[PDB]
Amino acid sequence: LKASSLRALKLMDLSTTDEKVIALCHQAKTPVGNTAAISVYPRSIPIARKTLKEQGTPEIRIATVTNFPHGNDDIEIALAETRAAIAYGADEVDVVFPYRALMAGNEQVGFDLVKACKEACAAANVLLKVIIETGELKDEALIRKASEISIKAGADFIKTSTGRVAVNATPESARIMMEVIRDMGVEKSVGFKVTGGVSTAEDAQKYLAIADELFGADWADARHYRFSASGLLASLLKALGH
Ligand SMILES: *C/C=C/c1ccc(Cl)cc1
């Protein structure tokens, strides 16, 4: 549990005014190590970057969100937001997939939206995570389909949830998404991010165990696995004696 907690902490995209962003940056530099990233809205990226540099943790990544949390199907808007995130200085952009469009039978727009965002990101050496909103898709077949489309369009990560709807990650939706990664043969190039549904250290251990069982215990490094959830960092630190 201590070993799993330390591992999970170093895979966290930590999310919470400039004062609150600065405090977030401070909290990411924990007594047992740095989180993988902090996650902020685009406008907060410059002050976050300044703070991370000033505290001597320039390798903590800055992730942000676009097309968020709605997952609308206007590609030009999602692309504009993604380009702005890049311009602000993001290391990673988590875009919301147009899941409502998929539920209405339109697979193509999801492909096109992800691909457009990925092209912009790749040009700037920025990682793209795609949020498929498993809690709105609900159905296993639709979760697989959104995952497949996202990967085909060049997602660097597939992410469960925005954290802004009633139902976020579950172990089953995590398993389904990681099975897609495995089944498609893309475990080298595509990571998985769990958002929500991971309150405690014990929860984090269970989610890591799924990855370990599917891929082997070395797979879930920071390029391949991330966590974000309210309260999780505090629970991990408690498990570790802080
Ligand atoms: C998946 C990322 C969610 C999120 C929400 C809110 C902020 Cl500020 C950043 C990231």
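The scheme used for residues numbers each chain from 1 in its written sequence order. That scheme is not guaranteed to match the entry numbering, and residues without coordinates are omitted from view. Neither water nor hydrogens contribute to the side-chain values; these are computed over all heavy atoms in the structure.

- In the PDB archive, X-ray crystallography is given as the structure determination method for this entry, at a resolution of 1.58 Å.

**Some points on the site of the ligand**
Part 1 of the argument: The immediate surroundings of the ligand are formed by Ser39, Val40, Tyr41, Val65, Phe68, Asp94, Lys159, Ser161, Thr162 and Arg164.
Part 2 of the argument: Residue-level accessible areas treat just the shown protein chains as cover; the underlying method is Shrake-Rupley with a 1.4 Å probe. Calculation on the ligand without its partners gives an accessible area of 310 Å², and the protein chains cover 89% of this total.
Part 3 of the argument: The classification used treats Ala, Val, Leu, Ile, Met, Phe, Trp, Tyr, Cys and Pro as nonpolar, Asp, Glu, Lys and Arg as charged, and all other residues, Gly among them, as polar. Within the shell around the ligand, the residues separate by chemical class into four nonpolar, three polar and three charged. Summary of the distance rule: residues count as near a molecule or strand when at least one heavy atom falls within 4 Å of that molecule or strand.

**With respect to the nonpolar core**
Part 1 of the argument: Residues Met178, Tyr225 and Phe227 are the most contacted members of the largest nonpolar core, which totals 81 residues.
Part 2 of the argument: Runs of H or I in DSSP of at least four residues are treated as helices and runs of E of at least two as strands, each being numbered from the N terminus. In terms of residue count, the dominant contributor to this core is helix α10 (residues 201-215) (eight residues). Definition of nonpolar core: a set of buried residues of the types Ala, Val, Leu, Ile, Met, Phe, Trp, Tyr and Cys, connected through side-chain atoms within 4.5 Å. Using a 1.4 Å probe on the protein chains alone, a residue whose accessible area is under 20% of its type maximum counts as buried, one over 50% counts as exposed, and one in between counts as partly exposed.

**Some words on the packing of aromatic side chains**
Part 1 of the argument: Stacked, tilted and edge-to-face are the three classes applied to pairs of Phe, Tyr and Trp rings, where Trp contributes its six-membered ring and a pair requires centres within 6.5 Å; stacked means planes under 30 degrees apart, edge-to-face means over 60, and tilted covers the rest. Summed over the entire model, instances satisfying the criterion amount to four aromatic pairs.
Part 2 of the argument: Their ring planes at 70 degrees and their centres at 5.6 Å tell us that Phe192 and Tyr225 sit as a pair that is edge-to-face. Taken together, the positions of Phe192 in strand β9 (residues 191-195) and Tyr225 in strand β10 (residues 225-228) put the pair 33 residues apart, joining distant regions of the chain.
Part 3 of the argument: Residue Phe192 is classed as buried on the basis of its relative accessible area, which comes to 0%.
Part 4 of the argument: Pairing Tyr225 with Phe227 gives two aromatic rings, centres 5.1 Å apart and planes at 50 degrees, and the pair type is tilted. Considered together, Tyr225 and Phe227 belong to a single accessibility category, that of buried residues.
Part 5 of the argument: Site record: aromatic cluster; members linked through ring pairs are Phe192, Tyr225 and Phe227.
Part 6 of the argument: The aromatic ring of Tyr99 is capped on one face by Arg100, whose charged end is 5.2 Å from the ring centroid.
Part 7 of the argument: It is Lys129 that lies over the ring of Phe157; its NZ or CZ is 5.8 Å from the centre. Should the NZ of a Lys or the CZ of an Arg lie within 6 Å of a ring centre and within 35 degrees of the ring normal, that charge is described as sitting over the ring.

**As for the sheet that holds β9**
Part 1 of the argument: A pair of strands counts as paired when DSSP detects no fewer than two bridges linking them. One open sheet accounts for eight strands, arranged β1-β4-β5-β6-β7-β8-β9-β10; its pairing is parallel. Every interior strand has two partners, whereas the edge strands, β1 (13-14) and β10, have only one.
Part 2 of the argument: Note that strand β7 (residues 127-131) and strand β8 (residues 157-159) share three bridges and pair parallel. Opposite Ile131, over in β8, you have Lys159 as the bridge partner.
Part 3 of the argument: Contacts were defined at the residue level, with two residues in contact if any of their heavy atoms lie within 4.5 Å. Angular values range over 0 to 180 degrees, each being the angle between N-to-C directions of two axes fitted as lines to C-alpha atoms, with helices fitted over their stretch in contact. On top of the sheet, helix α6 (residues 108-123) reaches β6 (92-96) and β7; it is set at about 160 degrees to β7, its chief contact.

**A few points about the UniProt feature "active site" in the protein**
Part 1 of the argument: UniProt positions are given in the numbering used here, feature names are shortened, and annotations may be inferred rather than shown by experiment. Mapped onto this numbering, the UniProt entry gives "active site" at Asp94, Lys159 and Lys193. Taken together, the annotated residues stretch across 100 residues yet fold into one region, lying no more than 10.1 Å apart by C-alpha.
Part 2 of the argument: Not counting chain neighbours up to four residues away, the residues in contact with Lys159 comprise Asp94, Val130, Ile131, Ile132, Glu133, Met177, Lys193 and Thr195.
Part 3 of the argument: Here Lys193 lies in strand β9.
Part 4 of the argument: The exposure class of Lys193 is buried, given its relative accessible area of 1%.
Part 5 of the argument: The residues touching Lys193, leaving out its near neighbours within four places in the chain, are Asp13, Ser39, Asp94, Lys129, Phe157, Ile158, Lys159, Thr160, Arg226 and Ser228.
Part 6 of the argument: Each polar contact in these results corresponds to two N or O atoms within 3.5 Å; when the atoms are within protein, one needs to be able to donate a hydrogen and the other to accept it, and residues that are neighboring in sequence are counted only if both atoms are side-chain atoms. Only 2.6 Å separates the side chain of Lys193 from the side chain of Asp13, close enough to count as a polar contact.

**So, the packing of helix α1 (residues 2-9) against helix α11 (residues 232-239)**
Part 1 of the argument: The interhelical angle for the contact between α1 and α11, taken along N-to-C directions, is 145 degrees, at an axis separation of 9 Å. In the packing of α1 onto α11, the handedness of the crossing is left-handed. Across from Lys2, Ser5, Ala8 and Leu9 in α1, the residues of α11 making contact are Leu233, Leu236, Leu237 and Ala239.
Part 2 of the argument: Per-class residue counts for the contact of α1 with α11 are six nonpolar, one polar and one charged. Here a crossing is called left-handed whenever its near helix is offset anticlockwise from the far helix by less than a right angle, and right-handed whenever the offset is clockwise.

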